[PDB]
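We've got the same protein chain twice here, in two forms, each standing alone as structure tokens: structure 1 and structure 2.
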Structure 1
């Protein structure tokens, strides 16, 4: 279910861990030092890396720093597993970018809980990386592939221990924008707003922090919001639960502020990376101008042009008209002959429309079975002629279908609309058009109806 790379200078360690992980059905590979490790990671792109710190030559902190400094590997969670146990070295490991820092001998129940958690989180990151990478024979821009810090960031602190909360707030205060909130019900609201990270106390006295987290996770709006939970280091059952319901990361009471700072930064920086991906995906769709199926222009492109043309109309320029065409009984077509045949009809209809209208006109795909034609410098009466012409052309001739094998009769209903002067707006114009289609429908279909200015 995951490819895990294990790194340690002692063979006994490597194969003991290996047997545990393959017993849980993971695909394990191994390296015996830093240099090797970095080569395998760059080549094989594993899902997780488990890493010794103390090794002859290049040590685990360095290895870790390099993995995060290459864009190919920056995204892979690293878990340090080591014999060291000083606070000093704990903090050095987290500051160098590791998700967790475990001290030998490790708790297997926590290791597997943690691994199952990381893989769950990597699911969405990886899909989005796949989505982007399918722009690669296209055009990227703007983005200079440049990272994205972990500083800044608005942090909500849900806690009913005033002493503890203020300490947490004082530490984050220098580098971040912290806000305290001891009411869980209010907190639910706040957490929807402008917030990058929530810190929740699982050992709160007046509410259950874990239930509160489950709450955030269940509602679609905040399922993605990172959550860092304060827990008791002696209560293993509760730590596993925390990971299982969906907590991104954990901290031991009493709160070490240097540990706190390191993990808050880690979490804010991963959440930003995944919002870079989401926005890049959405910016590239914005740039699309045609409808994939019919190759006519899409409605986004159309409404942009309609904005400009209607504004110019309102301030005294040329009038604009709109035709809104909707195919009759289109659902009956799909329900009888199948979706494929539905698409043959749509494609043919688009080519017929395009070629019975002037080049200066803007025909477009407006919805599933709806088409709009914008006609610059055209008034209501002419538009009605043009609509009539298209109606008679569509129904005057059957449609080829089932690639060649069969004909079909198709008819359309059309609503027609023209601009009405200074007060008019493109949404008003379109609304009059579909009031026309509605009456045309009601009149018995295969009909044109022009609704007038008010």
Structure 2
């Protein structure tokens, strides 16, 4: 279910861990030193890396620094597994970019809960990296604090305050609202006294708008069953009470960093979508592009200047087509119709794919009368000679219903102009169909 790379200088250690992991059905690979481990990671792209710290030559903290400083491996979660228990070493570990730091001998139940947690988050990131494939820092950023322990809430807020923008909130009902705004990370108290920390977190995950929002849980270290539960409901990371400030800073950074990379992918994918100007099926311009143009045209119209007209065209009985002859022939009806349209209207006009079975034509410098004439021309055109696709199907007979509209001086808006044409379409369909109906103020 995941490819895990195990690194450790004592073979007894590697063999043991390998056994436990392959017993839960992971594909395990191994390495006995730093250089080898870097090479394997670069080459094989494991889902997770489990890493000893003390080793001859290159040690785990360097290996781990190097993993994060290379763009290829940067995304791979690292877990340090080490005989070291000192706090100094723990902090050096997390500061150097590790997702967690586990002291030998490890709790198996915990390790698995944690591996499962990391693979669950890695699903969404990996699919985004694929989508981008077809075509950053952790300081600053706003951190909401949901604790009803005033004093402990204040130290967390004090510590974060130096490099971030912390905000406290004890009322959980309000914390659901604030969570919905521009928040980068939520810190929750799992051991709260006036509400259930985990339940509140579950609520955020369940809700669509906040499901990707990172959550960091403060948990009682002597309560394993509740930590496991937290990882299972969807917590990004766990902090033990009492709260180490340095550890806290390091884990917050890490999460805000990974969060920002995932928004960076989501934002690049939206940006590219925004540049795309055509409709793929039909090769006309898309709705987005038309509305952008319609906005500038209508504005210029209202400030005195060229009136603009709009035609809204809806293909009649377009389902019966798709139902009877299948969607493949439906796509052909739309493709042909698109070409008839484009070629029966001047090049300064702007024909586009508005919706599933709807098309819009924008006619600059055109008042309502000319627009009704243009529409009637187009109508007769589709109803006048059959479609090439209906040739051998004695069942097709493609007609359209058209709604026409024109700007009405200052005060008017694109939304009102398209809504007026929708009233036209509506009226054309109630008359019988295959009809043009205009609609003034």
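What we label the rigid core is the largest C-alpha set whose atoms superpose within 1.5 Å from one form to the other. Numbering follows the first chain given and starts at 1.
Q: Once you align the rigid core, which of 59, 406, 27, 69 turns out to move its Cα at least 2 Å between structures 1 and 2?
A: One residue passes the 2 Å cut-off, namely 406.
Q: When the larger rigid part is held fixed by a C-alpha fit, how many degrees does the smaller part turn between structures 1 and 2?
A: Turning angle of the smaller rigid part: 7 degrees.
Q: Give the rigid core superposed Cα shift of residue 313 between structures 1 and 2, in Å, rounded to one decimal.
A: Residue shift at the C-alpha: 3.3 Å.
Q: Core superposed, what is the CA shift for residue 303 between structures 1 and 2, in angstrom?
A: So the C-alpha of residue 303 has moved 1.8 Å between structures 1 and 2.
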